[PDB]
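Read through the structure below, which is laid out as structure tokens, and then see the notes.
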Amino acid sequence: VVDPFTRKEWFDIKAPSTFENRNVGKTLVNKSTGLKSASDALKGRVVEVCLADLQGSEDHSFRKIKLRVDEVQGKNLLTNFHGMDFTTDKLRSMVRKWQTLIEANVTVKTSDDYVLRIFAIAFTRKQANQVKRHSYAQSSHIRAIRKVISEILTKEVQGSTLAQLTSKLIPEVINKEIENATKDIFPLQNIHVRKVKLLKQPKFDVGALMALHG
Amino acid sequence: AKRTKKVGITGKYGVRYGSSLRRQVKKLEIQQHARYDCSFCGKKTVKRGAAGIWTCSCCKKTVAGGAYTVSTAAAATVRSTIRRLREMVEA
Amino acid sequence: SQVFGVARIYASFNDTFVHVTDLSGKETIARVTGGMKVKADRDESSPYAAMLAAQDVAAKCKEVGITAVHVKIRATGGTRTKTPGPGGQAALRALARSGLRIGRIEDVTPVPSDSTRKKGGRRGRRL
Amino acid sequence: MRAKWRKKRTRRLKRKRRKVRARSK
Amino acid sequence: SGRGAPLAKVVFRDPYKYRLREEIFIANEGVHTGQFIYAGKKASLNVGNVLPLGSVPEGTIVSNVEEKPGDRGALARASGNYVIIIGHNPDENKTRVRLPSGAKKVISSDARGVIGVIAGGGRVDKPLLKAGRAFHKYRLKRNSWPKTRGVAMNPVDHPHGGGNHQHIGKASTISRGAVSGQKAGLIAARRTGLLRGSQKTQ
Amino acid sequence: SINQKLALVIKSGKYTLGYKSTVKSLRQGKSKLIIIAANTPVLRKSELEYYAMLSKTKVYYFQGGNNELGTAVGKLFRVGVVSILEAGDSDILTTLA
Amino acid sequence: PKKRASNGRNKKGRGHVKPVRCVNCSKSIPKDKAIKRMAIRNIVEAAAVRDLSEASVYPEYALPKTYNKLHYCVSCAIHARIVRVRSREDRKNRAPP
RNA sequence: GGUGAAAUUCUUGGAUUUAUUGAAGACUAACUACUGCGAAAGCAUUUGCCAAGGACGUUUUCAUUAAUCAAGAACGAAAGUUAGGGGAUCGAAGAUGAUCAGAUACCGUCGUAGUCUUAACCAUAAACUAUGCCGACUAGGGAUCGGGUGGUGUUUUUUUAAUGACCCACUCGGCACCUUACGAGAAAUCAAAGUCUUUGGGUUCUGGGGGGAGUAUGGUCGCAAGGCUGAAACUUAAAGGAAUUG
Ligand SMILES: [Mg+2]
Ligand SMILES: [Mg+2]
Ligand SMILES: [Mg+2]
Ligand SMILES: [Mg+2]
Ligand SMILES: [Mg+2]
Ligand SMILES: [Mg+2]
Ligand SMILES: [Mg+2]
Ligand SMILES: [Mg+2]
Ligand SMILES: [Mg+2]
Ligand SMILES: [Mg+2]
Ligand SMILES: [Mg+2]
Ligand SMILES: [Mg+2]
Ligand SMILES: [Mg+2]
Ligand SMILES: [Mg+2]
Ligand SMILES: [Mg+2]
Ligand SMILES: [Mg+2]
Ligand SMILES: [Mg+2]
Ligand SMILES: [Mg+2]
Ligand SMILES: [Mg+2]
Ligand SMILES: [Mg+2]
Ligand SMILES: [Mg+2]
Ligand SMILES: [Mg+2]
Ligand SMILES: [Mg+2]
Ligand SMILES: [Mg+2]
Ligand SMILES: [Mg+2]
Ligand SMILES: [Mg+2]
Ligand SMILES: [Zn+2]
Ligand SMILES: [Zn+2]
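Residue numbers (the entry's author numbering), protein chains in the order written: chain C, 20 to 233; chain AQ, 2 to 92; chain P, 11 to 137; chain AO, 1 to 25; chain j, 52 to 253; chain AD, 9 to 105; chain b, 2 to 98.
Below, the structure is given as structure tokens:
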């Protein structure tokens, strides 16, 4: 029996800062030979840690999150951001029949020379004195609302660093910086940002990325 | 009076070579003969010769073109996507 | 509290799939669930057999050593059933009951925005 | 026989007798 | 004469002598008299210029492409043709491109090309529609026309020669290993018959 | 748009169409603004721009060829340049243009 | 004669409703006319939802389910799912239960 | 892998599965409803541009300019035809694996055309509400879409308004649904299919037992497939509709 079980050795993430917990747990890639073994074939993965998995209590527990393996050294392995998402359960539970969905996105930049496509998702609240059973806006609202969410996303992403960005939307109050504009248009319950993702970077800049650890 | 119900310019070929060949010639014939509009001076004065050579009657300017039109679809859809790729290299 | 993986379960009609691996995904550890201890090939999706080979799945899971993972379970989906299959749940039944540790769970079934027209044409399968 | 099949039946029938006397056209 | 594409006579200064030097280019569609042509590595992505395939982003359209740096143009020269660039491997500094045939060749990123597509496209969509129009076509290329069917000749003149009826009398597909005087018909044909089905390179 | 502000001074004020009359306008100072079709050649353009600089006249570049700028001013012929001599009541001499 | 003023379903005043394709046989069916049922079933089973929680971490944190809307074709809708053929005046009752 | 079950099939080429990732074409899910818009066909991601429209509001303007319409014309699902592009999906043909007594099929597989787009054709659908358009009158009821009016109505609290969303009442015009039947109908049912033997508001169109047959013939349109127009000889006592009982 070739029994490869004995063969290889685990390695480790921990999270960058802008969080509180960071210990990821462990991986298994290969022994580090040289004739092709891990220096180069590292930093090419992601993992799926929930957020209440990562910071706290479950007031924070729906967001999926990607994390891109960045670089490795001795007992290093360290993973920066790659994007984020919601989770099937709540989105399928927030899309109730008899109300209006509203979804929009924009591709915008941060001082960290990452462009990216944000998303946003909002729904209708029925004024809680009200008899009519469907609670629909009237597309004077839908257009003006997505006009104003689009006003706001860019002025926080162009607002600052992808790192400060993470620190901006973790506390989530962007969600109701939306409701700030919206309260003068429509009741608009359940307002979340509901994904984030891009593909292009500035070439690695090793020394920038170690500024999230201590 | 109208002189031919369908042959148009292609009547020179009389009855020969078959309707299909004549019709498909007529199309490119009309293309390669008609006067086009000049991009540099704004009159319809650019006519063909030596297919892919289109020249403006006044202002004496000549432009490489399609064999029977000034701009071929392909060319134009290149021009577009050469602009696109260009604008992507200054900002 | 302990060491983690990913679950990677998949249910069809007439087969089922279950496989551990690194949370990174790249390196896979053991999967074979399928038609393995079943063989009549009617019984490929059967829950009895999904269990019977889920056992030998959890087996190698701890045979190389891991305590816990959460699911990535999914029906075929695409432009096909998109609803779970028989031997999807009757396996993790006998893999949570196999004394292993389970967590943050979610479906990963592919769903489109309404395209890539299904097989069978506008009259469907006809029986 | 079905109505549209009776249609195809005679569309074909006519195509054929159209042919048969273009032979003497 | 004998070409479909028009040519562009393009005048430049001699860097090393008070002199003009007049090169001869193939005119890419849309070039014009009096236009300004820019040539070299640090040149701009304007249809008409000539830039190394290093300096251009994938999806660029170029013509008169070099197979080796500095051979002064080999690829995509017939009226209406071009090659697309489909990616760069900078470590070896190659560039992979797709030629008019469909085949995808890789060549150095120093090889040059001309932004755009060659002029006179669509020439072939017009029927020639008489024998004389072909006669005048080939008057100015070579003595290749007309063509006598080998199967109308006596056997002394051709493998398909002779017979009391006109037939090739043996498989028309000929081995690549065949000898001069044998190779007539479908040489080394990997298949034969009316091509049915999408033919675009998978 | 701006085509409407210009199409007011046709019915309102004093203008001159054509490369020659408008450069007599430019050297006699009577021009407040000159408008230049897109397709008008760069040499002419730079020349006018010089004359403008010396009359202290402003210039607007009409996005649109001389065909468009001719139909713009209600004439049925090409127009390579316009030169307004009195903006009868258009604010075109005080719009952002 | 007719057997429903509704004759197919729930369409008066559009002339066309792009169709859906059935979950069982894949047969297309106009959206207004497909019977719809939202299938909420959780991750769970009867005896299976105790011990997945016993030898477990996160001590029953979430418990989510599978949300997917279902469309049938009526003939397949008739085959198994809720058609349960009604009777002339009983079929006019649109109460779900 | 696929199904009721199988098999054709794919697997030293690491298949099915995973991960990162890229290309191409198509579609717009969930929100989606007895909900909107358009002459109909039809129309569902975003944004910008381009022109267009009904309802409302109106102590604005003109002042009979209108209704309906042979001829004639604009548009016209799907498929189908011509020339390019495209060709991912699914997929007439054809070839196959199975089933069957047979199985040219239904189920499975491969997959040509097609499916998509441009320029031009073609002009047909159970193109349906199997229900012409304009006008008038006859009957109750609560939903809802759009506009409007009314307010010491609720909520936003900022400091209360302004607003915005919401509640209630009314009134125009929508898409429907409900209950009744004065009334109508051969009935099924119908606020029109009502205001007809107490038979007449204006106007367009079609039908006159069933087959023969939308066949033959001519004319005309079309590249073609075919579209529009469209008989007769002869044959036959029924054919049909709605409802009842079996
Ligand atoms: Mg059946
Ligand atoms: Mg004959
Ligand atoms: Mg010769
Ligand atoms: Mg030959
Ligand atoms: Mg010959
Ligand atoms: Mg001879
Ligand atoms: Mg011989
Ligand atoms: Mg021989
Ligand atoms: Mg011979
Ligand atoms: Mg022969
Ligand atoms: Mg019936
Ligand atoms: Mg319908
Ligand atoms: Mg219809
Ligand atoms: Mg959508
Ligand atoms: Mg007449
Ligand atoms: Mg295809
Ligand atoms: Mg067949
Ligand atoms: Mg057989
Ligand atoms: Mg057959
Ligand atoms: Mg009809
Ligand atoms: Mg209908
Ligand atoms: Mg009605
Ligand atoms: Mg009819
Ligand atoms: Mg009423
Ligand atoms: Mg009665
Ligand atoms: Mg006829
Ligand atoms: Zn000119
Ligand atoms: Zn079905």
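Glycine included, every Cβ here is placed at the ideal spot set by N, Cα and C.
Establish whether the CB of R38(b) and some CB of chain P are separated by less than 8 Å. By the rule that beta-carbons nearer than 8 Å mark a contact, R38(b) does not touch chain P.
How would the residue list near ligand 8 read, in chain order, if you kept each one whose beta-carbon is closer than 6 Å to any heavy atom? Result: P210(j) and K221(j).
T24(AD) to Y37(AQ), Cα distance in whole Å? Distance between the alpha carbons of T24(AD) and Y37(AQ): 29 Å.
For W55(AQ), count the other beta carbons within 10 Å of its own beta carbon; 16 or more makes it buried, fewer makes it exposed. Which is it? With 16 or more other Cβ atoms within 10 Å, it is buried.
Would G66(AQ) pass as a contact of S58(AQ) if the rule is Cβ separation under 8 Å? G66(AQ) places its beta carbon 8 Å or farther from that of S58(AQ).
Can the beta-carbon of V21(C) be found closer than 8 Å to that of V43(C)? When the beta-carbon positions are compared, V21(C) and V43(C) stay at least 8 Å from each other.
For ligand 12, which residues count as neighbours when the test is a C-beta closer than 7 Å to any heavy atom? For ligand 12, residues qualifying as neighbours are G9(b), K12(b), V18(b), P31(b), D33(b) and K34(b), where qualification means a beta carbon closer than 7 Å to at least one of its heavy atoms (chain order).
On a Cα-Cα basis, can you pick out the residue from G134(P), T119(P), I115(P) and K129(P) that is closest to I44(b)? Looking at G134(P), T119(P), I115(P) and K129(P), the one whose alpha-carbon comes closest to that of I44(b) is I115(P).
From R84(P), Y58(P), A50(P) and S22(P), pick the residue whose C-alpha is nearest to that of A101(P); which is it? Taking only the C-alpha atoms, the option nearest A101(P) is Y58(P).
Going straight from the alpha carbon of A81(b) to that of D33(b), what length do you get? The straight-line gap from Cα to Cα measures roughly 20 Å.
Residue-level contact to chain b via CB, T43(P), 8 Å cutoff: So, not an interface residue.
Check whether the Cβ atoms of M61(P) and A104(P) sit closer than 8 Å, and answer yes or no. Contact: yes.
Contact check, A78(P) vs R111(P), beta carbons under 8 Å: A contact, by the Cβ cut-off of 8 Å.
Can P65(b) and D224(C) be called in contact, C-beta distance under 8 Å? No; because the gap between Cβ atoms is not below 8 Å, this pair is not in contact.
Contact criterion: CB-CB distance below 8 Å. Does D33(b) meet it with respect to chain P? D33(b) does not count as touching chain P.
Taking the straight line between their C-alpha atoms, what separation do you get for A92(AQ) and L86(AQ)? Distance between the alpha carbons of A92(AQ) and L86(AQ): 11 Å.
Do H72(b) and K28(b) count as a contact pair if the criterion is CB distance below 8 Å? It is not a contact, given that the beta carbons lie outside the stated cut-off.
Determine the closest residue to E55(AD) out of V31(AD), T103(AD) and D97(AD), with distance taken between C-alpha atoms. Nearest option by C-alpha distance: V31(AD).
Per DSSP, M39(b) forms a beta bridge with which residues? Paired residue(s): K70(b).
Report the rounded CA-to-CA distance for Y59(AD) versus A80(AD), giving the unit in angstroms. Taking the straight line joining both Cα atoms gives about 24 Å.
Of the choices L172(C), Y155(C) and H153(C), whose alpha-carbon is the least far from that of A139(C)? Taking only the C-alpha atoms, the option nearest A139(C) is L172(C).
Taking DSSP as the reference, what is the three-state secondary structure of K116(C)? Coil, per DSSP.
Do the stretch 88–96 of chain C and the stretch 47–57 of chain b make contact, defined as three or more Cβ pairs closer than 8 Å? Segments in contact, no.
Thinking C-beta only, is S114(j) closer than 8 Å to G55(j)? No, the pair does not count as a contact, with Cβ atoms beyond the cut-off.
What I want to know is whether the C-beta of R17(AO) ends up closer than 7 Å to one or more non-hydrogen atoms of ligand 2. Of the heavy atoms belonging to ligand 2, none sits nearer than 7 Å to the Cβ of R17(AO).
Could you work out which residue in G21(AD), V17(AD) and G73(AD) is closest to residue 5(AD) when comparing CA atoms only? With chain AD represented from 9 up to 105, any question about residue 5(AD) goes unanswered, as that position is not in the structure.
Identify the contact partners of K36(P) in chain C, using a Cβ-Cβ distance below 8 Å as the criterion. By Cβ distance, chain C contributes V48, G63 and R64.
Per DSSP, what kind of secondary structure is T10(AO) in: helix, strand or coil? In the three-state reduction of the DSSP assignment, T10(AO) falls in the helix class.
Residues of chain C with a CB under 7 Å from the CB of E116(P): which are they? Going along chain C in sequence order, the residues near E116(P) (Cβ under 7 Å) are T106, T107 and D108.
Could you name the residues that DSSP lists as bridge partners for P20(b)? In the DSSP output, where bridge partners are listed per residue, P20(b) has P31(b).
Listed in chain order, which residues are found with a beta carbon closer than 7 Å to a heavy atom of ligand 5? With the cut-off at 7 Å, the residues found are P197(j), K198(j), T199(j) and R200(j).
Does the distance from the CB of residue 159(P) to the CB of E61(b) come in under 8 Å? Limits of chain P in this structure are 11 at one end and 137 at the other, which puts residue 159(P) out of reach.
What are the start and end residues of the beta strand (DSSP E) that includes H80(b)? Run containing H80(b): none in the beta strand (DSSP E); it sits in the alpha helix (DSSP H), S76 to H80.
Looking only at its own chain, which residues have a Cβ that is under 8 Å from the Cβ of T67(b), when we skip the five neighbours before and after it? If the five residues before and after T67(b) are omitted, its C-beta is found closer than 8 Å to the C-beta atoms of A40, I41, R42, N43 and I44, all from its own chain and listed in chain order.
Under 8 Å, do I137(j) and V148(j) count as touching if we go by C-beta distance? Yes, they are a contact pair.
To the nearest angstrom, how far is it from the Cα of residue 254(j) to the Cα of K251(j)? Outside the displayed span of chain j (52 to 253) sits residue 254(j), for which this structure offers no information.
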